[PDB]
Structure formats: structure tokens, C-alpha cells
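Computed over heavy atoms, backbone and side chain alike; hydrogens, waters and symmetry mates excluded. First the proteins, then the strands, lettered A, B, ... as listed; each starts at 1.
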Amino acid sequence: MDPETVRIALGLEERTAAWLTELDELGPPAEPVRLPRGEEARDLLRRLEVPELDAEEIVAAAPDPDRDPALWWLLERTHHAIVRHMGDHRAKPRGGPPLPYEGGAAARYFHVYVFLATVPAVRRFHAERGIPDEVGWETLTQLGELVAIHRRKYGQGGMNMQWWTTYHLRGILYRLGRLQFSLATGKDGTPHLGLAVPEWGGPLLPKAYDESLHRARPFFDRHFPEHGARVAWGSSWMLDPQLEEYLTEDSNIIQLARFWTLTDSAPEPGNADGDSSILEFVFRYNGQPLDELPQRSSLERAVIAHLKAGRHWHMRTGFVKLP
Amino acid sequence: XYXXXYX
Ligand SMILES: CC(C)(COP(=O)(O)OP(=O)(O)OC[C@H]1O[C@@H](n2cnc3c(N)ncnc32)[C@H](O)[C@@H]1OP(=O)(O)O)[C@@H](O)C(=O)NCCC(=O)NCCS
Ligand SMILES: *[C@@H]1O[C@H](CO)[C@@H](O)[C@H](O)[C@H]1NC(=O)CCCCCCCCC
Ligand SMILES: *[C@@H]1O[C@H](CO)[C@@H](O)[C@H](O)[C@H]1NC(C)=O
Ligand SMILES: *[C@H]1O[C@H](CO)[C@@H](O)[C@H](O)[C@@H]1O
């Protein structure tokens with residue numbers, strides 16, 4: 001097949017043409033793409049913490065080279081486009097476009113198939129680096145969280161955070177307890193660890209946060225000794241000192257943000273950029289009326305209140321030294 | 001905002 005046939009068969013927008021040309025250029029992978037099927041697929045899905053409802057739908061819809069030629073073409077090349085940057089944190093996180101949902105269940109779960117097809121390669125990379133199996137698996141289980149989030153947000157099965165899963169699947173991000181850490185590099189090339197907070201795993205308790213921070217240096221110094229970070233960096237709505245207006249002293253976010261040193265300048269108050277970030281993470285916001293959103297927790301009330309008052313939330317950046 | 005990165 002060719003890029004233009006695939007693009008048109010799948011209903012992909014004309015801006016995706018360059019990507020599809022790039023995958024055409026790259027060609028199929030050396031190791032042919034294999035999807036697990038049946039109880040093999042069910043065991044892998046369950047290991048990756050995908051909810052039973054979605055897993056079952058994922059196995060039922062698994063695409064086929066003959067009936068789904070355009071999709072299969074994209075599956076192999078997208079897979080290939082990921083593994084060619086295995087271990088490489090300097091490459092951009094390009095997961096490929098989401099597929100129009102008129103293609104059905106195989107279109108909705110496309111990036112789940114990419115992920116399952118790529119598990120053996122990253123697990124090989126884990127083994128080569130001496131990563132413990134439990135760390136490897138614990139890292140990959142965010143697939144389940146991201147599948148569950150799609151269903152919460154949109155009401156049907158899917159996974160549209162494929163740009164993010166390129167980190168897990170390139171073996172550059174690891175979950176080490178409550179927090180994740182990725183191999184990263186500043187503008188001037190200086191190594192650091194990117195810190196991320198997955199949704200699953202309960203509150204960000206100071207003790208769980210501090211255990212994770214203690215794990216980072218020894219993990220990366222052992223398995224990626226060439227990297228050499230001393231500092232974790234984060235950008236997050238969680239670092240917005242404006243939260244202090246609304247949350248109490250028992251708040252885990254308020255308590256923990258006090259150890260962080262912000263390195264960006266105070267944002268312009270009219271800057272409405274962090275607005276969509278906080279709405280995504282607190283509500284998984286999808287276009288709906290604001291007073292229509294829940295108000296169960298102090299943070300849910302805070303986010304709406306501040307926005308109603310005509311004010312804005314900002315994503316702030318800062319660092320903490322690795323213990 | 002609402003897209004990801006990081007570039
Ligand atoms: C990160 C997270 C686990 C922290 O939760 P936490 O430890 O409970 O945070 P706090 O202790 O500050 O919570 C303060 C209040 O806000 C509520 N709250 C915290 N996070 C919330 C969220 N995502 N949605 C709704 N309410 C939340 C808490 O229940 C608490 O309510 P209460 O005062 O009414 O009891 C949580 O916000 C979360 O899961 N977020 C999704 C992932 C995320 O945002 N990651 C960072 C991306 S950059
Ligand atoms: C970035 O977005 C992806 C897409 O959903 C998420 O999966 C990640 O969790 C997001 N990153 C974020 O967590 C950065 C948090 C660093 C903040 C450090 C402050 C911690 C103490 C308050
Ligand atoms: C995003 O990439 C930039 C630099 O390329 C880096 O500063 C930041 O830590 C990265 N984020 C993650 C989570 O890797
Ligand atoms: C940030 O800029 C990059 C540059 O390619 C885009 O891919 C992305 O959509 C965002 O605008």
C-alpha cells in the first residue's frame with residue numbers, strides 16, 4: 001500500500017501526510033509485528049492492569065493483516081517508529097495521530113495494539129539494562145490507567161495518550177513507587193530526571209513521595225550510569241502557589257510543593273494556559289459547562305471558584321535536588 | 001494548553 005491510500009482509507013486528515021510519508025520511508029520492522037491473541041492477550045492485558053471490560057473488547061477487535069490492510073500497515077510502521085528510538089530520550093515523543101472512530105473498535109484501540117506489539121521489545125531493553133522485572137511491569141501498567149481514563153472521559157473504550165506511552169515504550173521512563181522518573185535533558189543539555197505523578201496509586205502522601213525520591217538516584221546511577229542527573233524537574237498545575245488561597249495545610253500538594261524551588265517567572269494574570277491542564281487532571285474535562293462539574297473536594301471547589309472569579313491557573317516549573 | 005510534549 002502507499003501513504004495516500006492508507007491516509008484516505010483510515011480517514012486521516014491531510015496534515016498527517018508527512019508522518020505517513022516518514023513511516024513509508026522507514027518501512028516495516030525487522031522483527032515482524034505479532035499481536036497476542038486469546039488467553040495470551042488476556043493475560044498480558046491483565047498484567048498491564050487494563051480493566052476487564054476494555055480487555056475483552058480489545059481482544060475481540062484485534063485487527064487482521066488481510067481484512068484490515070491500511071490499519072495493519074500503520075500498526076507495523078508506528079511500532080517501528082517507536083523501537084528505532086529505544087532508550088533515546090533526545091527523540092521527540094511521536095506516537096502518531098489518533099484514528100477516526102468511524103473505523104470502529106480496532107480504530108479506537110489502535111494505540112493499545114501498538115503498545116501490546118511493542119511490549120516484548122521494551123521488556124528486552126529492560127533486561128539489557130538490568131531493570132528488575134517488578135519495576136518493568138509496574139512501569140508498563142499505566143496502560144490500564146490510560147485506557148480507564150479514556151472510558152471515563154468519553155464514555156467508550158479507547159486510549160488517546162499515545163504520545164505519553166512513547167516514554168514507557170522507549171524505556172526512558174520508570175515508575176519507582178508513587179512517582180515516575182524519566183531520563184531528560186535541559187535546553188543546555190544538562191541531564192535531569194523528569195518527575196511525573198500517575199493517577200493510580202492513591203494520595204500523594206509525604207512518605208510515599210519521599211520513598212520515591214530516595215529511589216531515583218540509585219536506580220538511575222545503577223542502570224543508566226552515563227546519565228548522571230542530580231536534580232528532578234517538574235512542570236505542573238500542582239506547583240501553582242495560587243493553590244495556597246484554597247487548600248489547607250493538610251493538603252499533600254501544599255505540604256510537598258514547599259520543598260520545590262520554582263525557576264520560572266511569575267506568569268501574567270491574563271495568561272490562560274494552565275487552565276486546560278488543571279481542568280484535564282482534576283475533571284478530565286471535555287468541553288462541558290463549569291457549574292455542571294462535581295464539587296465534592298476542596299480542590300474541585302477551588303478550581304471552579306477561581307475560574308468563576310475571572311482568574312487563571314498556571315503551570316509552574318521548578319526542581320528538587322535528588323537525595 | 002491540553003496537547004502534552006515534551007519537545
Ligand atoms: C496527584 C494526586 C494523586 C494528589 O492527590 P492528593 O494527594 O489527594 O492531594 P491533596 O492532598 O492536595 O488533596 C487536597 C484535596 O483535593 C482533593 N483532590 C486532590 N486531587 C484531586 C483530583 N485529581 N481530583 C479531585 N480532587 C482531588 C483531595 O481529595 C482533597 O480533598 P479534601 O480536602 O476535600 O479532602 C491527584 O491530584 C491525582 O490523582 N491527580 C491526577 C494525576 C495528576 O494530576 N498528576 C500530575 C500531572 S502534571
Ligand atoms: C503529563 O501529562 C501526562 C498525560 O496525561 C500525564 O500522564 C503526566 O502525569 C503529566 N505530568 C506531571 O505529572 C508533572 C508533575 C510534576 C510536579 C512535581 C510537584 C510534586 C509535588 C507537589
Ligand atoms: C520534556 O522534555 C524537556 C527537554 O527536552 C525536559 O526539560 C523535561 O523534563 C521533559 N519531560 C519529561 C517528563 O521527560
Ligand atoms: C509544539 O510544537 C511541536 C513542533 O512540532 C508540535 O508538534 C506540537 O503540535 C506543539 O504545537
Side-chain angles (χ1 to χ4, degrees), chain A residues 89-94 142 161 163-168 170 172-199 201 203-204 206 208-210 212-217 219-220 224 227-247 251-285 299 302-303 306-307 311-323, chain B:
Chain A
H89 60 268
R90 284 161 178 108
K92 289 183 175 283
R94 296 181 304 148
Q142 203 172 26
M161 289 286 94
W163 61 272
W164 184 235
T165 56
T166 63
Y167 288 86
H168 315 53
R170 281 178 289 150
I172 59 175
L173 166 158
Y174 295 91
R175 179 175 185 154
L176 300 184
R178 186 64 193 82
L179 307 177
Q180 298 159 319
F181 293 95
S182 66
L183 295 172
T185 268
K187 292 162 185 310
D188 72 349
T190 300
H192 63 252
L193 301 173
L195 190 159
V197 177
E199 182 177 290
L204 188 55
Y209 166 94
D210 285 310
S212 275
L213 266 181
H214 276 81
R215 289 175 60 179
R217 262 224 277 192
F219 183 81
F220 287 94
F224 301 87
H227 188 74
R230 303 301 309 276
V231 176
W233 280 78
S235 303
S236 187
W237 60 269
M238 293 186 306
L239 288 177
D240 191 345
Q242 296 179 289
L243 288 160
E244 291 154 16
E245 299 220 23
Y246 314 88
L247 310 176
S251 159
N252 298 316
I253 289 169
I254 303 294
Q255 285 178 65
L256 300 170
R258 291 201 171 116
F259 305 105
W260 280 71
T261 299
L262 310 178
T263 54
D264 57 346
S265 297
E268 296 323 313
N271 192 160
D273 271 45
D275 276 2
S276 49
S277 179
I278 197 170
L279 282 168
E280 164 73 19
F281 289 100
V282 175
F283 302 108
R284 294 304 166 175
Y285 180 69
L299 179 60
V303 174
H306 195 252
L307 287 161
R311 307 167 66 196
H312 298 127
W313 292 108
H314 312 293
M315 274 166 31
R316 305 296 308 269
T317 286
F319 72 91
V320 282
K321 172 98 38 59
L322 297 166
Chain B
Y2 287 66
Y6 318 82

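Salt bridge absent: A:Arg258 and A:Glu244 never bring a charged side-chain N and a carboxylate O closer than 4.0 Å.
Paired with A:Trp313 under the rule side-chain contact (heavy atoms from CB on, under 4.5 Å), one option of A:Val282, A:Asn271, A:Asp275 passes, and it is A:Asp275. With A:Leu193 as the partner, the side-chain contact (heavy atoms from CB on, under 4.5 Å) test is satisfied by one option alone out of A:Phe224, A:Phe319, A:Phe220: A:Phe220.
A donor atom on one side chain and an acceptor atom on the other are found under 3.5 Å apart for A:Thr317 and A:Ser235. Side-chain contact of A:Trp164 with A:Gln142: a donor-acceptor pair under 3.5 Å is present, judged by distance alone.
Residues A:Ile253 and A:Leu239 are not in side-chain contact: their nearest non-hydrogen atoms beyond the backbone lie 4.5 Å or more apart. A heavy-atom distance below 4.5 Å is found between the side chains of A:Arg311 and A:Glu245. Residues A:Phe219 and A:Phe181 fail the side-chain proximity criterion, which asks for heavy atoms closer than 4.5 Å. Residues A:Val320 and A:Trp233 have side chains not in contact (no heavy-atom distance under 4.5 Å, counting atoms from C-beta outward).
The environment of CZ in A:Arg284 is crowded: more than 12 heavy-atom neighbours from other residues, nucleotides or ligands sit within 6.0 Å.
Put simply, CZ on A:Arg90 and CG on A:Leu183 are 9.5 Å apart, with the number rounded to the nearest 0.5 Å. With rounding to the nearest 0.5 angstrom, the CG atom of A:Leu204 is 6.5 Å from the CE atom of A:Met238. Rounded to the nearest 0.5 Å, atoms CG (A:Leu307) and NE2 (A:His312) are 7.0 Å apart. From A:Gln255, atom CD reaches atom CG of A:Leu247 across 11.5 Å, with rounding to the nearest 0.5 Å. Atom CE in A:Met315 sits 7.5 Å away from atom CG in A:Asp273 (nearest 0.5 Å).
Formation of a donor-acceptor pair under 3.5 Å by the A:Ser251 side chain with backbone atoms of A:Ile254 is found in this model. Not one N or O on the side chain of A:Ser182 forms a donor-acceptor pair closer than 3.5 Å with the backbone of A:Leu173. With hydrogens and angles disregarded, a donor-acceptor distance shorter than 3.5 Å links the side chain of A:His227 to the backbone of A:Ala184. Side-chain atoms of A:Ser277 never come within 3.5 Å of backbone atoms of A:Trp237 as a donor-acceptor pair (strictly under, hydrogens ignored).
Taking all atoms of both residues into account, the shortest heavy-atom contact from A:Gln180 to A:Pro198 is CD-CG, 3.6 Å. Residues A:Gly177 and A:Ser212 approach most closely at C-OG, 3.7 Å, considering heavy atoms. Nearest approach of A:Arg217 to A:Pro323, heavy atoms of both residues: NE-O, 3.6 Å. Nearest heavy-atom pair, A:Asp240 versus A:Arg316, reported as atom, atom and distance to 0.1 Å: CA-CG, 3.7 Å.
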Exercise. Can A:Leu195 and A:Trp260 be said to form a side-chain contact (heavy atoms from CB on, under 4.5 Å), step by step?
Worked result: CA-CA 12 Å; A:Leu195 190 159; A:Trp260 280 71; 3.7 Å; yes
For this session: Check the pair A:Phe281, A:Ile278 against side-chain contact (heavy atoms from CB on, under 4.5 Å), reporting the backbone distance first and the verdict last.
Result: CA-CA 5 Å; A:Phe281 289 100; A:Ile278 197 170; over 6 Å; no
Exercise. Can you list the steps and then say if A:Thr190 with A:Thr185 is a side-chain contact (heavy atoms from CB on, under 4.5 Å)?
Worked result: CA-CA 5 Å; A:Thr190 300; A:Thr185 268; over 6 Å; no
For this session: Show your reasoning for whether side-chain contact (heavy atoms from CB on, under 4.5 Å) applies to A:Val231 and A:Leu322.
Result: CA-CA 5 Å; A:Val231 176; A:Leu322 297 166; 5.6 Å; no
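Note that A:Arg170 lies in the cation-pi zone of A:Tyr167, set by a 6.0 Å cut-off to the ring centre and a 45° limit from the axis.
Classified by interplanar angle (parallel below 30°, tilted 30° to 60°, perpendicular above 60°), the ring pair A:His306/A:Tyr246 is perpendicular.
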